[PDB]
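[1] Sequence first, structure after, both from an experimental entry:
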Amino acid sequence: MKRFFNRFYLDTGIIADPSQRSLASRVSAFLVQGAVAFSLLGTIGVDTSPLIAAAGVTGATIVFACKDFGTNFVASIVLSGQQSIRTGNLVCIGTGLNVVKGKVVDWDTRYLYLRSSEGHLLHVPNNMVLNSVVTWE
Amino acid sequence: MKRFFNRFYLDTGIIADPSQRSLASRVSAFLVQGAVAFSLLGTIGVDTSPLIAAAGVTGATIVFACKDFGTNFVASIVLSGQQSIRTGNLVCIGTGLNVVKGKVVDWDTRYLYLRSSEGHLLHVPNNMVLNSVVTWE
Amino acid sequence: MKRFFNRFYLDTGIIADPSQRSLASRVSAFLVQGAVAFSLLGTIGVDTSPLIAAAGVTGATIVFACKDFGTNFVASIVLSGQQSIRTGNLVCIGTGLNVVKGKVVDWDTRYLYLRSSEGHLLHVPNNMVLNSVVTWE
Amino acid sequence: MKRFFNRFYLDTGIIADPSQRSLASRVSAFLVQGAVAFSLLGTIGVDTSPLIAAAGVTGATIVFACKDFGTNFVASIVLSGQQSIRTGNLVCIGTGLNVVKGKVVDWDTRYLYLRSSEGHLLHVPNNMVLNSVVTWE
Amino acid sequence: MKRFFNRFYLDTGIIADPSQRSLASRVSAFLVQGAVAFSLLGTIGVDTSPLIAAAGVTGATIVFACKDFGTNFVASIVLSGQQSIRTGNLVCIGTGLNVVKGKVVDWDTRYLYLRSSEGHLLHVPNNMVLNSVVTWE
Amino acid sequence: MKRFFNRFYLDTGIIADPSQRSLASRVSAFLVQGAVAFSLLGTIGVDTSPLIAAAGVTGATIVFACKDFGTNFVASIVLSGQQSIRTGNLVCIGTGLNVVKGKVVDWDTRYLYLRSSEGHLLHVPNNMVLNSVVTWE
Amino acid sequence: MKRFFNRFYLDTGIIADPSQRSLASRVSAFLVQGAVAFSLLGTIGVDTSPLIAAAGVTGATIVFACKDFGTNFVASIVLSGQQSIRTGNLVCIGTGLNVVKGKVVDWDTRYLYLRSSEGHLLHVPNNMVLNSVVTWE
C-alpha cells in the first residue's frame, strides 16, 4: 500500500521530495490500515464509537495545530508553474508599507527566496505570496 | 460517469479549462463511486462508521488546506462577465495606501493581470478584487 | 416543484432576476428530490450513511467556498429599500483613510455603483456598505 | 401557533415591528410544524436521516449567510434602553481616526442615525455601536 | 425549579441583577423541562431526532447571534473585584492611537463608565477592558 | 472524587490558588457524576439523546463565552517559569506604536503587572504577553 | 505503552525534551487506555454515549484553550533545520513598523532568542517567525 501511495503522489505531483513523499505514503498507509482494522472490529460486534471519537479528536487537533504548515504546502503546490516566479526574475510582493522587493534565486515548498539590492536573503512564505499583489518587471 | 460530469461542468460553465475540467470530472466520479461502494458495503452488514469518519476527516483537512484556492476559484467564477474588468480597461483596485492601478491585459482563474504606467505586470488575486472598491475610468 | 419554488422566491422577493430565480428554483428542486430519494432508499434498508456524509461534505465545501458571494447577496437583500441609497443621492461610505465618495447611479445585487467628481465609476460591494458608516448629504 | 408566536414576541419585546413580528411568527410556526411532521414520519418507520441532514445544511447556510444581519439585530435588541443613546443627545462613537460625531435624531433596528455639524446624516450600524467606545457630552 | 436556579445563580454570583437572574432562571427551567419532556417522549418510541436537530440549530443560531453580548457578560463577570477598576480611580485603557483616559465613576455589566477631563462620559465595553493594557496611576 | 481532583490539580500544578482549585475540583466532580448518571440512565433504556444534546449545547455556549478567560489562563500556565519575566526585571512588550515598557513587580493568573518610569501600574494580559515580542534588558 | 510512545516520539523527533516527551507519552497512554476501556464497556451493553460526549467536549475545550501553545510547538517543529536561523546569524523578522532585528543566540520550542545592538534579548515566538518575512544577511 505504501508503494501504491508513493506512485500516486509521484504521478499527481502533489509531493516531489522523496523523503516527504515516503513519509506521507507511510502515514496514509497506516491510516488506511487502521480504518480497515476498526471497520473489521466493528463488524463482529465490538463497539468502535469511543475509538472513532478519540481518533477524530486527535485528527482534528493535529489538523488545527498544523494549519499554517498545510496552508503553506497548498500554496506552494498551487503556485508551481507560475511564470512571474522564476529564477533570475525581479519581483515585488506586497502593497504599501508591507512591501518586499528582490530577485528570485531559489524556490522551496515552505519559503520563497529573494535577493535584495544589498544582497540580503528574503524568506517570503508561499501563503504570503498567494494572497498578495505580485509586481513583476 | 466522467463523461457526464464533464458535460455538466461544461454546460454550467463552472470550469472552462479542459485540463481542470477533466481532473474535476475524474475526482467527482471517484468520489461518487467510493460513496456508492461504501453504501453497498454497509448494506450487507459491514460497519462503515470508521471508514466514514476517516473519509470525513480527510475531506475536511483537504477543504481547510485549500481554502484560499477555493475562494479564489469561486471569486473568478463570480467575477466573470463584469463590464468593468475588460481588456484595455484602466481600473483601480483598493482604497488608501493599499491601492493598485493598471490596465487589464489578461484574465486568469487565479490572478488578474494589470499593466502599470512603467510597464510592470501586477498580479491581483480575484479574492482581492471581489472584496475591494473597484475604480474604473 | 420548480414552479412552486419560483413562485415562492418571487413572492418573498428574495430573488428578483428571472435567470437567478430560475437557477435557484432548479437547484432547490434537485436538492429536495435528492433528499426524498435518499429517504426512500434508506427506508427499504439501504445504508444511506455514506451518501449522507458525502453530500454533507460537498455541501459544506460549496457553502464555505461561496461565503463572500452569499454574504454579498444577503447584504443586497437587506439593504433594499434604504432611503439613503437612491439614484442621484450623494453618499459617502467609510471612515478615515478608507473612504469612498460619489453619487448613486445604479444598484446591483453584487456591487453598488457611485459616480465620483472626476466621473470615475466606483464599485462598492454591498458587504462593505452594510458594515460601514454611511454619510448622506 | 402563529398567534402564540406573535404574542410571545410581543411580550418579550424581541421584535416590535408588526411586519417583522408577523414574518418571524410565520417562520417559527412553519419550522415547528415541519419538525413535528418529520418526527411523526420517523416514528412510523420512514428514514428521516437524509431529510434531517438536508434541513441542517440549509439552516446552517442561511444562518452563516445572515450573520451580519443577525448580529445587528441582536445589537439593536441589547442597546435598547441605553441612556446615552437618546434623541437630541450629542454622542461620539469610535476612537482615533475611525471616529464618528453627531447628534442622535432617530433610532432603527439596523442603523443609528446621527446629525453632523454640517447637517449630514450618519448611519452607524448597531454592531459598530456595541463594540466601540461611546463618548457622550 | 425556577427557585433552585435563582438560588444557584445568587449563590455563585454569576448574576446579581434580580431581573436578569429571574429571566435566566426561567430560561434554564424551561430548557431543562423541555429536555426532560423530549427524553420521556423518546423513551416510549417517538423519534426525537428531528426535534433534537431543530432545537440544536435554533440554539446554535441564538448563541452565534448573541456572541458579543455573551462575551461582554463573561468579561464583566471576570473583571469583578479588580483593584485597578474602582470608583474614583484614574485609569487609562488602550495603547497607541486607540487610547481611552478617564476616572471610573460607575460600573455596569455591559459598559465601564469613565469621566474625562472635559466631563464627557466614556462607555468602554468590558470586552475591550479585558483584552487591553490597563494603566492605573 | 473532589479530593482526587484537588490532588491531581495540585500535583500537575495546573491550578495553584486554593479557591480556584477547589472550584475546579467541584465542577469536575459534578461533571463526572452527571456523565456517570446519564450513562446509567441510558443503559436501562431511557433515551438520553435529548439530554446529551442539551448538555453539549450548554457546554459549547459556556466554552465559547469564556474563550478569552480560558486563553489567558492557559497563557499564564505556559508562561510560568520564564526567566525573562521575573520580579525586578525591566521588560518591554510589543513592537511599534503598540509598545509597553516597565519593570515586573507582581505576577497574576490573569494580568502581568509592570511599573512605568512615572510610577503607573500596567496590566498586560498573559495572552498579549505570549503572542508578542518580549524585550528584556 | 508509555515506553512505546516514548520510543515513537524520540524516533520521529517530534519531542526532544525528555520531560515533555515523558509527559506526552503518559498522556497518550492514558488516552489510549481510556478509549480501550470505553470500547470494552460499550461492547457488553453499557451506554457510552454520554461518556463519549463529555470526553469530546472536554477535549475540544482543552484543544481550543491551548491553541496558541500548540501552534507555537508546531511552528518550532517545522522551523527546525532552517539554515537562516542558526547561532551567530544576524536575521531580521517582520516588515514595516513591526520589525525585529538581532543575532540568533539560542533556540527554544516556544521562543526564538535574538541579541540586539544594545544587548537586549528579544523573544520572538516561532509562530511569528513562520508567518513573516525573514531577512538574513
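    Cool, the structure landed. Numbers count the residues shown, from 1 in each chain, chains lettered A, B, ... in the order given.

[2] Same question for stretch A:29-47: list its buried residues.
    A:29, A:35, A:38-39, A:41-42, A:46-47 (16 or more other Cβ atoms under 10 Å in any protein chain shown). The C-beta positions use only the backbone N, C-alpha and C, and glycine is treated the same way.

[3] can you check stretch A:105-117 too?
    In stretch A:105-117, counting by 16+ other Cβ under 10 Å, buried: A:107, A:110-115.

[4] Of these, which belong to helices?
    Here DSSP state H is the test, and the buried residues of stretch A:105-117 give no hits in helices at all.

[5] Identify the single longest strand in chain A, thanks.
    strand A:98-107 (DSSP state E).

[6] For that one, C-alpha coordinates in PDB please.
    In PDB, the C-alpha atoms belonging to strand A:98-107 read as follows (Å, rounded to 0.1, in the frame of the first residue of the first chain):
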ATOM      1  CA  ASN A  98       4.500  45.900   3.900                       C
ATOM      2  CA  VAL A  99       6.400  45.600   0.700                       C
ATOM      3  CA  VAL A 100       9.100  43.100  -0.300                       C
ATOM      4  CA  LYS A 101      11.500  43.500  -3.300                       C
ATOM      5  CA  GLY A 102      14.100  41.200  -4.700                       C
ATOM      6  CA  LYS A 103      15.200  38.700  -7.400                       C
ATOM      7  CA  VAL A 104      14.100  35.100  -7.200                       C
ATOM      8  CA  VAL A 105      17.100  32.800  -6.600                       C
ATOM      9  CA  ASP A 106      15.600  29.600  -5.200                       C
ATOM     10  CA  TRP A 107      12.200  28.100  -4.600                       C
END
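
[7] From the contact counts, what lies against it?
    Judged by 3 or more Cβ pairs under 8 Å, 6 or more residues apart in numbering or on different chains; DSSP states H and E, strand A:98-107 is in contact with strand A:90-95, strand A:111-115, strand A:121-125, strand G:90-95.

[8] For the residue nearest the centre of chain A, list the residues it contacts.
    Centroid check for chain A by Cα atoms, centre = their mean gives residue A:73 as the closest residue, at 1.9 Å. Residues in contact with residue A:73 (Cβ atoms under 8 Å, 6 or more residues apart in numbering or on different chains) are A:109-110, B:65.

[9] thinking again about what came up before, restrict the buried residues of stretch A:29-47 to contacts with chain G.
    Of the residues in the buried residues of stretch A:29-47, proximity to chain G by Cβ under 8 Å from any Cβ of the partner chain holds for A:46-47.

[10] any idea which of the buried residues of stretch A:29-47 is the one closest to residue G:12?
    residue A:29 (15.7 Å; Cβ to Cβ).

[11] tell me which element the closest one is part of?
    helix A:18-44 (DSSP states H and E).

[12] That helix to helix B:18-44, inter-axis angle?
    Per axes from the mean of the first three to the mean of the last three Cα atoms, to 10 degrees, the angle that helix A:18-44 makes with helix B:18-44 is 30 degrees.

[13] Now do the helix or strand just after helix A:18-44 against helix G:49-65, angle only.
    Helices and strands here follow DSSP H and E; after helix A:18-44, the next one along the chain is helix A:49-65. Here helix A:49-65 runs at an angle of 10 degrees relative to helix G:49-65 (the same axes, to 10 degrees).

[14] Only C-alpha atoms, please: export helix A:49-65 in CSV.
    Extracted C-alpha coordinates of helix A:49-65, given in CSV (Å, rounded to 0.1, in the frame of the first residue of the first chain):
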residue,chain,number,x,y,z
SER,A,49,-17.7,4.5,18.8
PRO,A,50,-15.1,5.5,21.6
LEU,A,51,-12.2,4.6,19.3
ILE,A,52,-13.8,6.6,16.4
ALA,A,53,-14.3,9.6,18.7
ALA,A,54,-10.8,9.5,20.1
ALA,A,55,-9.3,9.2,16.6
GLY,A,56,-11.4,12.1,15.3
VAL,A,57,-10.4,14.3,18.2
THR,A,58,-6.8,13.5,17.7
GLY,A,59,-7.0,14.1,14.0
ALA,A,60,-8.8,17.5,14.5
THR,A,61,-6.1,18.5,17.0
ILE,A,62,-3.3,17.6,14.5
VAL,A,63,-5.0,19.4,11.6
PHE,A,64,-5.7,22.5,13.6
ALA,A,65,-2.2,22.6,15.0
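
[15] returning to what we had before: now do the phi/psi pair for the residue nearest to the centre of chain A.
    phi -60, psi -40 (degrees, to the nearest 10).

[16] follow-up on the earlier one: with respect to residue B:7, which of the buried residues of stretch A:29-47 is nearest?
    Closest to residue B:7, out of all of the buried residues of stretch A:29-47 and judged by Cβ to Cβ, is residue A:35, at 33.7 Å.
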